[PDB]
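Written out below as structure tokens is the structure these notes cover.
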Amino acid sequence: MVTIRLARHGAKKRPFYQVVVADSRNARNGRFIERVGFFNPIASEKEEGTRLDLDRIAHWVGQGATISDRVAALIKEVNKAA
Amino acid sequence: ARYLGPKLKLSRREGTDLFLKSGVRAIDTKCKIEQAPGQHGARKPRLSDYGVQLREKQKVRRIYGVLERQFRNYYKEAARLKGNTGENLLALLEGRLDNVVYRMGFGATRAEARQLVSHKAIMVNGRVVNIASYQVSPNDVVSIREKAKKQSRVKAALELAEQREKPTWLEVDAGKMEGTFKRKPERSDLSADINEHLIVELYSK
Amino acid sequence: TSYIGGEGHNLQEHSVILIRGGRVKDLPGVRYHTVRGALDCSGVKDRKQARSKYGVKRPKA
Amino acid sequence: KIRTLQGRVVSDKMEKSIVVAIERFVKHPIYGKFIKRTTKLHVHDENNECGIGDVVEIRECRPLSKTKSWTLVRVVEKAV
Amino acid sequence: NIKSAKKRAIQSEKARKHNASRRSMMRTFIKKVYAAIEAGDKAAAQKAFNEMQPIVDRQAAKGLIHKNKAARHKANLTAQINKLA
RNA sequence: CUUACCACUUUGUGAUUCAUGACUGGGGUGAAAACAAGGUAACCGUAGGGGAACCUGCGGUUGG
RNA sequence: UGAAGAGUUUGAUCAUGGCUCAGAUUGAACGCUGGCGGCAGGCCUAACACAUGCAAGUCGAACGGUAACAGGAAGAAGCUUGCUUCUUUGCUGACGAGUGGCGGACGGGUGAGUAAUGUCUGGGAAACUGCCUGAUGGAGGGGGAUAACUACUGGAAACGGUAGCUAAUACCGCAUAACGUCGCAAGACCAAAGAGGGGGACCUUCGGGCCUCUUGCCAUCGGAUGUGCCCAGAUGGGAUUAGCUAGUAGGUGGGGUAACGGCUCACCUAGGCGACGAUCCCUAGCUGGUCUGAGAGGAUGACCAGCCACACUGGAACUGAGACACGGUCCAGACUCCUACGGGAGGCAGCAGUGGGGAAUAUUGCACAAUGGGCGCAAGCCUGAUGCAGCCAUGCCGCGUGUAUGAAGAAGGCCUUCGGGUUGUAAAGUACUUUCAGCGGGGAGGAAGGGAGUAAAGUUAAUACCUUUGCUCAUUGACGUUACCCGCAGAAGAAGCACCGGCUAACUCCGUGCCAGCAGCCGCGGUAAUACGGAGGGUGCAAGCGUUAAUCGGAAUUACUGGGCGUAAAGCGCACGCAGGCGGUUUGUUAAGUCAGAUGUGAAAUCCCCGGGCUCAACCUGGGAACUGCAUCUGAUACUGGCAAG
């Protein structure tokens, strides 16, 4: 099943996340279908902690892709900031 | 690791004066310049093609106080940049925070400059930087922290600094002790006799 | 066939040693070089230059 | 009309099927010479409409047997 | 070793027993249709087919066999019956 | 219960290696004068004699 | 943005030609030395054998239940005014065992096998696809069981057997039935399961019915995802492997499969593959990539990502959407373990760890706080994935180990032509500083969330319940005494290793005497010997430095780019000749090569450019470029090919 989840990249204790459309059976940051944005948690004044490009998320949800809770929280934040 | 040996014997092997023993006493009255620094100092120093490339590379390193691993990396980055590699390399060497603190007067020798930088007593754009190889860019503001503006050594270094030529490419204030890196110095205003082509030939094989 | 280099010796008729490459301009067939200080071999005695090549440890001075 | 490889019959002795060799002129990867490479290829003709030396078009289809996945399209040169 | 494996093994034995019973019965009926075809009879074979058919369709309903297999048995057997005509 | 297939298994027959074996094969070890003019150019193939390496026959070459 | 050479054959020369050296690299190892941090990496060997723990569960909102815990309702008591003691009650929260569902096919390991249907690139047609999603419709009515349980009950045990009992979202009919399957058609045939919350009114056999919402169930058709299958090209070496093949190759029918198919069978035909390398032997996981190189190439495939294959060895299936199943089954081996000698049990190529091999590779750690995954409405539970921590200079990167001045130019050492020189501003002493380590104190960020209370007539018994948003409150960090900041003394705690004849930067004295030794090569050593050992000095590099191994380079030394064959190695003794390679000239045509444009694809990472964040750097990251290829379409037609005509 297709879920939009975070793939943990970055360095140790400096997490960076790729927002990736994936088949849910793959490893967290293994085989994926598509990258749809990124999330940088440790960026406070540091600029652009989150880019999502929500047209593709819309397209994939319209096909029965579930969201992880963290990506859903990130989508609320991006929409509110707009 | 720095180099912690005798400063003048390093200059005497290079022949020319290296500004790494600086102040009032005007070496060759400090101690016996112009004999290579050992038991066979008087022996003739005539040396090969690879010896002169080596000698100048060694001299540039001894001036700035950079070791061979970083100097090799400097050369790699300079040879990656666009433009001639030799002035790329001298500019990378002169954009070093160690050096910039020295050249802005406050800091007697580049080792005293480094003593200051390392000891949490310099601010680049209003925050403490204690890396000597930190690169200063055009329009940083290097300044002594307030806690160290009362230091007697920086004040003393300032006077014996306008006797030294003041670089054009950077502008400093001594009252409010603070400076400004204006632009990357060109090869021309780097007042020196460095023959950077033998250096680039050294690592080019 | 191995060469026991260095200025002295302690090897015997069964001792267990470590060998490394490098031949000697000796009679044909010598291309290995015993490592001094590695196993049953010992660093040569009263050696004070190129010490690390003979397994002799730094004199306390 | 999908790909229509265009070749020449080399054996007509299996019933309802021919063997068709395709010449390609490829450049040698290291030496840069243009060499000739052959691809023999079991094809299906239902009507035994082909004879050795004929020049034939084939297209790719579903596998008709072990090593038979091409079918005859036309005979372009019924060479005798 | 694992407890869900332990349960899943005896569940497979029970499922396997049920499945063997059901697909043997399905094969009994299919082979009765056949047995009628090589006897050369059209009425006997049509009766056999029409009692085979609900069995194969219900067993493909519950997943014992695939629908494709059900469509296969029915297609084959009607072809045989109709050439038998 | 009984067919069909089959892994393994046993047998035979084969191929293929592994070791070792007398031997090999004796490598030995120990024991019973002339530098192209110069004790008879420099070679090539081949055949002989003998512990051989040499010499000789037959053809050939100049790289005498 | 890109390319260096030197030494050694001679009495000397110039060629040839090998050897050797200077570079970069590494999953390294070893020897000597070793401060701090950051970030990474760490069994390459025995797919050797494995003690111990852990790595896969979960769901009471499917079910009988209720062992166990805690509650309620009691009862009988002690009698505190009912304070606590026994029995009963699933009445309840909950929940061991059991049934059922879903998960256990993922995630994690390894690289044995595999030389090509494995992989890569590019196409294809004949398939299926749990969960997710869209649409449409259905969801009626019965039955018989059975685990648990009870009582026996064998067995050392593992594991059972007998009799009775019992539910369901278990199972089985029946109905119902296209948009489904079979059928040319008529027709025929095919399905399901509830549970939960709340409730006005009404009814109630007082169980509930009824209402409403939520979720699940069945069918069909799509999506998405995943998987199966086909084709072409490519992807080692060996010809001191030249023939190979009877489901062999094809064809018709059966059968089988989700699907096509020699997949299988019966018959028929007698083919198929092979010198453009079949077959056989050997070696090998493949790719993105990595290293090296100016490049072309070579060498590789550790980490990370993708694909394959394996799970003690060999068979086989079952169950299931998916397996021919790492922590599933059985049967055959081989081992190990148990045994009451009847018979049993097991599989670290999960994490850690042990033995063993080895030159060589780490903890039997913490946590689910984060990101994922399984189950669950959820709360949550599980998760050796993962996040971290430990260890190790293994690499990379950063920073320390002080700074300024200081000539008695000190002692001391070493060389002295005995004048001195050198170590050497070096030290000392004077001032100065306090990074980092130490001590104290503050103190981010990784935390989003979830829990409880708060409107929309949301939805409708309208208030319910539930949903979204509404705020409000309290709460969630393994790392962790975090990063970081501040104070505190005090230079205080913090340099080594190689080399010094030439290549190759850097030399003197002593000793030794072709010994001892050195050595990469040249070579050195028989009284000096700048070459061996010590010293003093110097050079290089520096928390490292050397050595060994190994790969590319240098090597144009397999030469495509980019070499040669008179005598240096090298023209077959000589022809003829098939395959093959190559092919005078002019038209025409085609458009295969070729060229051009387009399009699609060329995973992400990596590499490169411009930026951004970490105090800098390494590292991380954004965008781009690149991926030099493959295919398809359109066009060109000089040249090569084809075809035609000369």
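Lettering of chains follows the sequences in order, A, B, ..., and the numbering in each one begins at 1. Quick note: numbers below take in every heavy atom, side chains included, and nothing from hydrogens, waters or symmetry partners.
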To the nearest Å, give me how far apart CG (E/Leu64) and P (G/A191) are. 14 Å

Please confirm whether any donor atom in the side chain of B/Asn130 sits under 3.5 Å from an acceptor in the base of G/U615, or the reverse. yes

For G/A62, which nucleotide in any strand shown is its Watson-Crick or wobble partner with both distances under 3.5 Å? G/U99

Mind checking E/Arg8 for me? I need base, sugar-phosphate or nothing, with any heavy atom below 4.0 Å counting as a touch. base

Just to be sure I understand the rule, does C/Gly6 reach a base, reach only the sugar-phosphate, or reach nothing, if contact means heavy atoms closer than 4.0 Å? sugar-phosphate

Checking side-chain polar atoms at under 3.5 Å, does B/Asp49 have a donor or acceptor matched by the opposite partner on B/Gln53? yes

Once you apply a heavy-atom cut-off of 4.0 Å, does A/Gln18 come out as touching a base, just sugar-phosphate, or nothing? sugar-phosphate

Sugar-phosphate only, base, or nothing, as touched by E/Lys14 at under 4.0 Å among non-hydrogen atoms: sugar-phosphate

Hey, does B/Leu97 reach any base, or is it just sugar-phosphate, or nothing, if we go heavy atoms under 4.0 Å? nothing

Indicate, yes or no, whether a donor-acceptor pair under 3.5 Å links the base of G/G534 to the side chain of C/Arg47. no

Using Watson-Crick or G-U wobble geometry with both distances under 3.5 Å, which nucleotide pairs with G/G517? G/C524

Would one find a side-chain N or O of B/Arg61 under 4.0 angstrom from OP1 or OP2 of G/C541? yes

Hey, is the side chain of E/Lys67 poking within less than 4.0 Å of OP1 or OP2 on G/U220, counting only N and O atoms? yes

Whichever of A/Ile4 and B/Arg114 has its nearest RNA chain G nucleotide further upstream toward 5': A/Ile4

Closest to the 5' end of RNA chain G, once D/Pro63 and D/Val10 are matched to their nearest nucleotides, is D/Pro63

Students often get this wrong, so: under 4.0 angstrom with heavy atoms, is B/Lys57 touching a base, only sugar-phosphate, or nothing? sugar-phosphate

Any side-chain N or O of D/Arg62 less than 4.0 Å from the OP1 or OP2 oxygen of G/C230? no

Distances under 3.5 Å between protein N/O atoms and the N/O atoms of nucleotides 423-429 of chain G, please, pair by pair.
from: G/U423; atom 1: OP1; to: B/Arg12; atom 2: NH2; distance (Å): 2.6
from: G/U423; atom 1: OP1; to: B/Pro37; atom 2: O; distance (Å): 3.1
from: G/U423; atom 1: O3'; to: B/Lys9; atom 2: NZ; distance (Å): 3.4
from: G/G424; atom 1: OP2; to: B/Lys9; atom 2: NZ; distance (Å): 2.4
from: G/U425; atom 1: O3'; to: B/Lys21; atom 2: NZ; distance (Å): 3.2
from: G/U425; atom 1: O2'; to: B/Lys21; atom 2: NZ; distance (Å): 3.4
from: G/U425; atom 1: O2'; to: B/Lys30; atom 2: NZ; distance (Å): 2.9
from: G/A426; atom 1: OP1; to: B/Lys7; atom 2: N; distance (Å): 3.2
from: G/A426; atom 1: OP1; to: B/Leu8; atom 2: N; distance (Å): 2.7
from: G/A426; atom 1: OP2; to: B/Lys7; atom 2: N; distance (Å): 2.8

D/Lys16 side chain near G/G250 phosphate (N/O to OP1/OP2, under 4.0 Å): no

Measure all distances between protein nitrogen or oxygen atoms and nitrogen or oxygen atoms of nucleotides 383-386 of chain G, and list the pairs falling under 3.5 Å.
from: G/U386; atom 1: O3'; to: A/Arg28; atom 2: NH1; distance (Å): 3.3
from: G/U386; atom 1: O3'; to: A/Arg28; atom 2: NH2; distance (Å): 3.0
from: G/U386; atom 1: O2'; to: A/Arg28; atom 2: NH1; distance (Å): 3.0

Heavy atoms under 4.0 Å, any strand shown: does B/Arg25 hit a base, just sugar-phosphate, or nothing? sugar-phosphate

Would you mind reading off the distance between B/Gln70 atom CD and G/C397 atom P, rounded to a whole angstrom? 9 Å

